[PDB]
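>>> pasting an experimental structure, sequence included:
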Protein chains: 2
Amino acid sequence: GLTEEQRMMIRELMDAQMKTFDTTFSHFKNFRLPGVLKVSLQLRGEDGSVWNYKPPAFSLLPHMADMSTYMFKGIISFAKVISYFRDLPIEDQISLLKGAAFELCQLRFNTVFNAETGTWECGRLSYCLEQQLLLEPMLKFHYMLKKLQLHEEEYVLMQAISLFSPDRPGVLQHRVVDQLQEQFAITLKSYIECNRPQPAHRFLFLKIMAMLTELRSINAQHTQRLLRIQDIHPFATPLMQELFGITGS
Amino acid sequence: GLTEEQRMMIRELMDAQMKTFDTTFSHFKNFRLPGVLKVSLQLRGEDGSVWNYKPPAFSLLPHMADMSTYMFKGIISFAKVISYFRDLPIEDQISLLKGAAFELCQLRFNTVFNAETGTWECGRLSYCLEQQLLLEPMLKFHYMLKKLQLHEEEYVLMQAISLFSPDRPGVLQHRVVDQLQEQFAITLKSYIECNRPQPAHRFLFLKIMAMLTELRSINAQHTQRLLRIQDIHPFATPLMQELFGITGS
Ligand SMILES: CC(C)=CCC1=C(O)C(CC=C(C)C)(CC=C(C)C)C(=O)C(C(=O)C(C)C)=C1O
Ligand SMILES: CC(C)=CCC1=C(O)C(CC=C(C)C)(CC=C(C)C)C(=O)C(C(=O)C(C)C)=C1O
């Protein structure tokens, strides 16, 4: 059963989620495009028209970097609006964000992902996959997590656990961030047993937990893959530089 | 049989054609697009990618107007490079061009038209039709003319007959332009009988001739349709204004 302290956590968590997550990507514009994986782009005009992009043979980097910044921006507003986060030392908020930005983005990106059609529905924008080449970690992750069929509560809770990780470079309040994370995980574990008594959801809390661990490694591996592509062909935005620790030098 | 005077006409005609007709639209760029009939657009990137546009529900006007200007420009270089044209009074060259621009463009546009797939192949650009609604004059024209399966000689000759029309507003050398036109039509009529003795090509010269007459009316009707759309929603380019007689006032 959920305590009133648990109900209160989920609430202030769901609230921040609806206040900082533009599920129809309305305010995302002025973004770069490929000019003139295997992801095809689709842009449904406000007027009914449609612009479709098929890839060649890069090129889609600038755009993906703009989508990422719009996403990161939301994720940050998400953190600063949660009491538990706001009450930490400034330095620790930056350490935590730089730590989970990628993970929180992918967690949100998974909710607009369609496993049936293999596409990310982002408002008027669409990212379609061009099929057992889930040989791609990030890809198998989206399908696996999408398969679990989680509720919004579970997703925002996963976002909490990931955000408040004590095991992150430069985290000063190592102890607080840890207790907080334990509290979020407890609330999750409880929410599951209070609302999903069916056999199919047995071990759900643990699958979720393992998922967040996999996601942590994927995050480590992608950061590297990204910093390598950035070294030879700069594309990262000012905000991404700040997140991935680039000095502009 | 073709005289040496006829062979010479066709030649200086074919020459001007290859010198002013960019059949792969290479130097056509910096054009406007629909931002963010039933013609869908396709742009095959130099890198292998493809941008596809599906229409709604206008919008494609600006672009079509840019294609038209690139086309007109070619058609004008075509005229100024032909001896018979160059040797007319300046005033008469403008009268003739303003008269046939549309027709000469459609004549050239028909050679990159594919009746099998209903699309205009223009280099890296494609204009696909989105099927007995050849209820559209200009459309039935392209299919009919494409059906005749003409040779390049015949097309450039049709371009001549159309360009040197004495029956055009403001033509001073009414008499010369007439004899010239008669000469081009004779050469055509001759080329046909010297190279197409098969039953299928009987009356070809006359079909061609009727076609140019239909095209003349279509031209009259489209100019009007265009000037009407221009009055409410200006899109025509400086060059089109000059051709359709707009003062910029
Ligand atoms: C266009 C979409 C939805 C995903 C492609 C994509 C991605 O969205 C990501 C990872 C996400 C995936 C592969 C679903 C994130 C993108 C940026 C940080 C710009 C990604 O890291 C990536 C890479 O190529 C890295 C390995 C450098 C990537 O290509
Ligand atoms: C996009 C393509 C190849 C054809 C569409 C098209 C055209 O290409 C034309 C006529 C040609 C057709 C319909 C094959 C010419 C276009 C301009 C002068 C900009 C045309 O007149 C037209 C019109 O709508 C008029 C009636 C105003 C037109 O829509």
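It's in. Numbers count the residues shown, from 1 in each chain, chains lettered A, B, ... in the order given. Ligands and ions are numbered 1, 2, ... in the order given.

>>> the residue positioned nearest the centre of chain A: what's it in contact with?
Geometric centre of chain A, nearest residue: residue A:105, 2.0 Å, by C-alpha atoms, centre = their mean. Taking C-beta atoms under 8 Å, 6 or more residues apart in numbering or on different chains, we find residue A:105 in contact with A:68, A:71-72, A:75. Quick note: C-beta positions are derived from backbone N, CA and C, even for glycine.

>>> where along chain A do the helices fall?
For chain A, the helices defined by DSSP state H occupy A:4-20, A:61-80, A:83-86, A:90-109, A:137-147, A:152-163, A:174-195, A:204-232, A:238-243.

>>> need those helices in TSV (columns: distance to residue B:181).
Formatted as TSV, those follow (distance: least, C-beta to C-beta, whole Å):
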stretch	distance to residue B:181
helix A:4-20	73
helix A:61-80	55
helix A:83-86	83
helix A:90-109	67
helix A:137-147	67
helix A:152-163	76
helix A:174-195	86
helix A:204-232	63
helix A:238-243	66
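
>>> which one of those is the most hemmed in?
Most buried of the helices of chain A, by mean neighbour count (mean count of other C-beta atoms under 10 Å in any protein chain shown): helix A:152-163, with a mean of 22.

>>> not counting sequence-adjacent ones, nearest residue to whatever residue of chain A ends up closest to ligand 2?
At 14.1 Å from ligand 2, residue A:49 is the closest residue in chain A, using C-beta to the nearest ligand atom. Sequence neighbours aside, residue B:56 is the residue nearest to residue A:49 in space, at 4.4 Å (criterion: C-beta to C-beta, 6 or more residues apart in numbering or on different chains).

>>> ok, the closest residue to residue A:84 other than its chain neighbours to residue A:152 distance?
Here the nearest residue to residue A:84 in space, its sequence neighbours aside, is residue A:180; by C-beta to C-beta, 6+ apart that works out to 5.6 Å. Using C-beta to C-beta, to the nearest Å, we find residue A:180 at a distance of 21 Å from residue A:152.

>>> check residue A:200 too.
Distance from residue A:200 to residue A:152, by C-beta to C-beta: 19 Å.

>>> that older thread, wait, the residue of chain A closest to ligand 2 sits on residue B:36?
Yes - using C-beta atoms under 8 Å, residue A:49 is in contact with residue B:36, at 7.3 Å.

>>> which one of the two is surrounded by more residues?
residue A:49 (19 against 16; other C-beta atoms under 10 Å in any protein chain shown).

>>> run a quick neighbour tally on the closest residue to residue A:226 other than its chain neighbours.
Among residues not flanking residue A:226 along the chain, residue A:244 sits closest, at 6.9 Å (C-beta to C-beta, 6+ apart). Using other C-beta under 10 Å, residue A:244 has 15 neighbouring residues.

>>> how about residue A:58?
Other residues close to residue A:58 by other C-beta under 10 Å number 12.

>>> my guess is it meets residue A:234, correct?
No - using C-beta under 8 Å as the test, residue A:58 is too far from residue A:234 to be in contact (11.9 Å).

>>> check contacts around residue A:23.
Residue A:23 makes contact with A:111-112, A:123, according to C-beta under 8 Å, 6+ apart.

>>> overlap between those and the residues near ligand 1?
Near ligand 1, taking C-beta under 6 Å from any ligand atom as the test, no member of the contacts of residue A:23 is found.

>>> tabulate those in TSV, adding columns for neighbour count.
As requested, these are exported to TSV (neighbours: other C-beta atoms under 10 Å in any protein chain shown):
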residue	neighbour count
A:111	15
A:112	18
A:123	15
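
>>> contacts only, for the nearest residue to residue A:103 once chain neighbours are set aside.
Among residues not flanking residue A:103 along the chain, residue A:162 sits closest, at 4.6 Å (C-beta to C-beta, 6+ apart). With contact taken as C-beta under 8 Å, 6+ apart, residue A:162 is in contact with A:100, A:103-104, A:107, A:212, A:215-216.

>>> same thing but 10 Å
By C-beta atoms under 10 Å, 6 or more residues apart in numbering or on different chains, residue A:162 lies in contact with A:96, A:99-104, A:106-107, A:181, A:184, A:212, A:215-216, A:219.

>>> and stretch A:52-69, is it in reach of ligand 1?
Yes - Stretch A:52-69 lies within reach of ligand 1 by C-beta under 6 Å from any ligand atom, at A:64-65, A:68.

>>> for chain A, which residues are neighbours of ligand 1?
A:37, A:39, A:64-65, A:68, A:120, A:127, A:138, A:222, A:225-226, A:229.

>>> quick one, which of the helices of chain A gets closest to residue B:116.
Nearest of those to residue B:116, taken as C-beta to C-beta: helix A:61-80 at 35.6 Å.
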